[PDB]
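The next block holds one structure in the form of structure tokens; read it before the comments.
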Amino acid sequence: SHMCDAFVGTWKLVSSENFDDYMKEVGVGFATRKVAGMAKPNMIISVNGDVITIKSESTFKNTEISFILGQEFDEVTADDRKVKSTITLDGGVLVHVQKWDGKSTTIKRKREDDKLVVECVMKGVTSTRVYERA
Ligand SMILES: CC(C)(Oc1c(Cl)c(Cl)c(Cl)c(Cl)c1Cl)C(=O)O
């Protein structure tokens, strides 16, 4: 309980850096990169018992994942990858690893001041996405 209290809520995307290059590194094609790169999603995080739910409400895609920390699950990502995901808490940071086709990417979500900072890493390429409360 209370593991993710400071994450819970509705968050709106306010800045994105290097996201096109992250998507390229992941394998996303041109048209999806262009449309996905325009979107300014709301990320909605809730907790009920041990189950954490993260929704992304956007003009590109809507996505939803529900999970228990440390317990692998199937995820279809916004760019349509079918991945196996595991999310843990490490030092107060949500660490989300996605595995598909022999590849791996990691998404970290953390609270910093009044922001929720999302860092996406694929090999040498990082993208930083900053969200604020909606
Ligand atoms: C960047 C992140 C973590 O999720 C993604 C979104 Cl919203 C889209 Cl649209 C795409 Cl296409 C991909 Cl590849 C990711 Cl990883 C976010 O919630 O801001």
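We name chains A, B, ... following the order of the structure tokens; residues begin at 1 in each chain, and ligands are numbered from 1 as shown.
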TODO: Let me have all residues with an atom within 10 Å of ligand 1, counting only C-alpha atoms and all ligand atoms, laid out as a PyMOL selection string.
DONE: chain A and resi 12-13+15-16+19-20+22-29+32-44+54-63+77-81+96+98+105-109+117-121+127-131
- [ ] Enumerate as number ranges by chain all residues of stretch 4-117 of chain A assigned to alpha helix (DSSP H) by DSSP on the backbone, naming them with the chain letters and numbers the document uses.
- [x] A: 19-26, 30-38
With N, CA, C and O atoms retained, export the selected residues as an mmCIF file, in the first residue's frame.
data_model
loop_
_atom_site.group_PDB
_atom_site.id
_atom_site.type_symbol
_atom_site.label_atom_id
_atom_site.label_comp_id
_atom_site.auth_asym_id
_atom_site.auth_seq_id
_atom_site.Cartn_x
_atom_site.Cartn_y
_atom_site.Cartn_z
ATOM 1 N N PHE A 19 12.133 12.600 -28.804
ATOM 2 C CA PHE A 19 11.191 11.503 -28.921
ATOM 3 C C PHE A 19 11.236 10.879 -30.299
ATOM 4 O O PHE A 19 11.090 9.659 -30.433
ATOM 5 N N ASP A 20 11.459 11.685 -31.349
ATOM 6 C CA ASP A 20 11.536 11.110 -32.707
ATOM 7 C C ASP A 20 12.689 10.108 -32.767
ATOM 8 O O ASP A 20 12.527 9.020 -33.307
ATOM 9 N N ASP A 21 13.836 10.488 -32.249
ATOM 10 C CA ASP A 21 14.975 9.579 -32.285
ATOM 11 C C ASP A 21 14.788 8.368 -31.446
ATOM 12 O O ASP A 21 15.195 7.287 -31.853
ATOM 13 N N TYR A 22 14.119 8.483 -30.302
ATOM 14 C CA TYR A 22 13.791 7.277 -29.509
ATOM 15 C C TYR A 22 12.882 6.352 -30.329
ATOM 16 O O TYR A 22 13.135 5.162 -30.412
ATOM 17 N N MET A 23 11.827 6.896 -30.927
ATOM 18 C CA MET A 23 10.930 6.090 -31.718
ATOM 19 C C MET A 23 11.691 5.428 -32.875
ATOM 20 O O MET A 23 11.439 4.273 -33.199
ATOM 21 N N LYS A 24 12.569 6.143 -33.559
ATOM 22 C CA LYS A 24 13.369 5.545 -34.605
ATOM 23 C C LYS A 24 14.139 4.356 -34.074
ATOM 24 O O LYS A 24 14.190 3.299 -34.739
ATOM 25 N N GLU A 25 14.768 4.508 -32.919
ATOM 26 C CA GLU A 25 15.607 3.478 -32.374
ATOM 27 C C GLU A 25 14.751 2.216 -32.033
ATOM 28 O O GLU A 25 15.218 1.090 -32.178
ATOM 29 N N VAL A 26 13.509 2.423 -31.571
ATOM 30 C CA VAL A 26 12.612 1.369 -31.268
ATOM 31 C C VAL A 26 12.095 0.667 -32.529
ATOM 32 O O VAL A 26 11.754 -0.466 -32.477
ATOM 33 N N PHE A 30 7.785 5.961 -40.228
ATOM 34 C CA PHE A 30 7.672 7.368 -40.447
ATOM 35 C C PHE A 30 6.289 7.897 -40.049
ATOM 36 O O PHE A 30 6.204 8.872 -39.284
ATOM 37 N N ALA A 31 5.230 7.334 -40.610
ATOM 38 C CA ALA A 31 3.921 7.983 -40.425
ATOM 39 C C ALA A 31 3.484 7.924 -38.983
ATOM 40 O O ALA A 31 2.971 8.907 -38.450
ATOM 41 N N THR A 32 3.738 6.780 -38.326
ATOM 42 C CA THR A 32 3.430 6.686 -36.914
ATOM 43 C C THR A 32 4.271 7.655 -36.128
ATOM 44 O O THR A 32 3.758 8.300 -35.167
ATOM 45 N N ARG A 33 5.567 7.821 -36.419
ATOM 46 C CA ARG A 33 6.347 8.785 -35.669
ATOM 47 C C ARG A 33 5.775 10.173 -35.778
ATOM 48 O O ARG A 33 5.766 10.941 -34.814
ATOM 49 N N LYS A 34 5.357 10.580 -36.983
ATOM 50 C CA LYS A 34 4.868 11.913 -37.163
ATOM 51 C C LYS A 34 3.594 12.139 -36.345
ATOM 52 O O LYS A 34 3.465 13.177 -35.675
ATOM 53 N N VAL A 35 2.628 11.243 -36.421
ATOM 54 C CA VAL A 35 1.358 11.393 -35.730
ATOM 55 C C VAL A 35 1.520 11.232 -34.236
ATOM 56 O O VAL A 35 0.942 11.993 -33.440
ATOM 57 N N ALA A 36 2.316 10.312 -33.808
ATOM 58 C CA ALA A 36 2.538 10.076 -32.375
ATOM 59 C C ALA A 36 3.292 11.266 -31.775
ATOM 60 O O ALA A 36 3.072 11.659 -30.642
ATOM 61 N N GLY A 37 4.202 11.849 -32.544
ATOM 62 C CA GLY A 37 4.974 12.959 -32.042
ATOM 63 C C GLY A 37 4.172 14.217 -31.814
ATOM 64 O O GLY A 37 4.547 15.025 -30.956
ATOM 65 N N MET A 38 3.031 14.399 -32.484
ATOM 66 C CA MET A 38 2.128 15.530 -32.259
ATOM 67 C C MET A 38 1.341 15.385 -30.983
ATOM 68 O O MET A 38 0.892 16.383 -30.443
#
